[PDB]
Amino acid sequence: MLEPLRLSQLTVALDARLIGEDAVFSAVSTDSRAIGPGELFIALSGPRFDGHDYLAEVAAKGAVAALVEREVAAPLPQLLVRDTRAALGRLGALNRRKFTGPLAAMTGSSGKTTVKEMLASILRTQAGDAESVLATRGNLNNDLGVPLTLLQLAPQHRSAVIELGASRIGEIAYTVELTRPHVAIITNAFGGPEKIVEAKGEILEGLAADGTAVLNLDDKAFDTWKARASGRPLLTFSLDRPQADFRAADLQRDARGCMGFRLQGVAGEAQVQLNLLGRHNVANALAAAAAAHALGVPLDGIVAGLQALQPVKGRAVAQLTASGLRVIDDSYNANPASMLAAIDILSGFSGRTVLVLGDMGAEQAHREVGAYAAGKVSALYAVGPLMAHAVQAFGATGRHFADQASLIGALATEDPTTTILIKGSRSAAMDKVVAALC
């Protein structure tokens, strides 16, 4: 928060009644399992629990008051409102309006998180100060996550990078109104494909008349979004089109498989080597570049921020071993969805490819993973009792191993130009296989 807030001064803003003594809070929590002294507890009703049941617990941990939508017959002061979700929203908006620094917001696919992390890297590198830039923590990006994020804005922040997510029409329109960005980015596009396009376009309505929209010229929804931008300043990005404001030429993988390119367009020209796999991440880099340009960052800061960004440990971390093997460490976690994506990542390499799996934390889901890999990778090597079903479904170039030591022994024979991707749920400990090779 920009400053502490007093209960009696929020009755107008929140249309609330104060019950009990006045109090001053300096942060908020929506969870009695993570609250401490000085904090306002906000009681939310959910599908499993009701925050209103935990007033004794928050009071004993030092919460100064509770925001509630019914009066509990209570161990601390209550600020009573009609809707605690809506009141949280108002508190987010209220705190945002005390923040005077540059603020960008982004939505689209899961690419939005990557654009957030790219842009945050750019801003923090340019500033030489990571704590001076606020960015949405994880995916705290919905009708609750956005205002909780805006409530983190504090006197040390000089700029902010907010992610907005949606699973319905109206959600982004609500949160972007709280957020009021100077720059809004849509990476790409509920009730169907046109509903998705309408939802993502809501981010543009949160811009002022001179706010900048960052749009993908390659997206089928470009025309619709440009129309909805209604004349606001626009920066475009493309992998294909010479007229886009931000462009990439000479896309090339380095030895790890990480994408490099030549940035072109209105910020100038420069070579950029990312530490990330995938052609689509070049497009995310262009969107981050455009947003940073709009916020005043020079070419060399854009380049340095993009090259500084590292993948999260155990999440598609590509690297070369001493023996010239390409190893993609995806060993953090796994489920059916993420297995399928990993297979598709590995399928983009042209040499021998080897998918290396441990059990997902049933037997049909393992069959489905094995069968989906057939036709996309050269071999499937796996360990774990459930993964026998994957190997069997995959076919004759699959191998099942009775333990990690024999799996590692097989992999130690793989030759340069081969690419290996290692993945399992946290319980499989496939990070040990990565450690043995790297």
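Residue indices: 1-based, along the sequence shown.
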query: Size class of the missing deposited segment between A73 and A74; finding: 1 to 3
query: Chain break class at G361/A362 - deposited residues not modelled; finding: 4 to 9
query: 218-226 versus 271-279 - which carries the larger mean C-alpha B factor in the record; finding: 271-279
query: Of 293-301 and 177-185, the stretch whose C-alpha atoms average the higher B-factor in the entry; finding: 293-301
query: Out of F99, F237, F261, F349, residue topping the C-alpha B-factor column of the entry; finding: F349
query: Residue with highest C-alpha B-factor in the PDB entry, from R137, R90, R124, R253; finding: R253
query: Chain thirds of CA B-factor: placement of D403; finding: highest
query: Cα B factor band for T113 (lowest, middle or highest third within the chain); finding: lowest
query: Ranked C-alpha temperature factor of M1 among modelled chain residues, by third; finding: lowest
query: Ranked C-alpha temperature factor of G145 among modelled chain residues, by third; finding: lowest
query: Ranked against its chain, the third holding the CA B-factor of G170; finding: lowest
